[PDB]
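Worksheet: one structure, shown below.
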Ligand code: NA
């Protein structure tokens, strides 16, 4: 039986970051936990609206759930029903 990680398809809002951190991530097309864990710190800090404060918060909230940045995933993005 193949194994997957359901947490990856949770929206970034389930992490309960600060409104600012959440809004900054969405602006970078980072809408799910799977999108976020794939980005790296260097890459994130390079974005217009994110600083050290936010990155510290983000690394902290992710670690609290056994996650991190720079995570390699397999078979992303999550499955969807194809249109007709
Ligand atoms: Na997939």
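Numbering (PDB author numbering), first residue to last: 246 to 329.
Quick reminder that beta carbons are idealized off the backbone N, C-alpha and C, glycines included.
Distance cut-off 7 Å: residue i Cβ against heavy atoms of the ligand NA
i           : result
residue 247 : no
residue 323 : yes
Bridge partner(s) assigned by DSSP for residue i
i           : result
residue 256 : 277
Residue i versus the options, residue with shortest Cα-Cα distance
i           : options               : result
residue 302 : 255, 251 and 264      : 264
residue 315 : 249, 255 and 278      : 278
residue 310 : 246, 248, 259 and 247 : 259
residue 273 : 254, 248 and 293      : 293
residue 253 : 296, 304, 289 and 280 : 280
heavy atom of the ligand NAD below 7 Å from residue i C-beta
i           : result
residue 320 : Inclusion of the ligand NAD in the displayed structure is not the case, the ligand content consisting of the ligand NA alone.
Within 8 Å, strictly: CB atoms of residue i and residue j
i           : j           : result
residue 307 : residue 282 : yes
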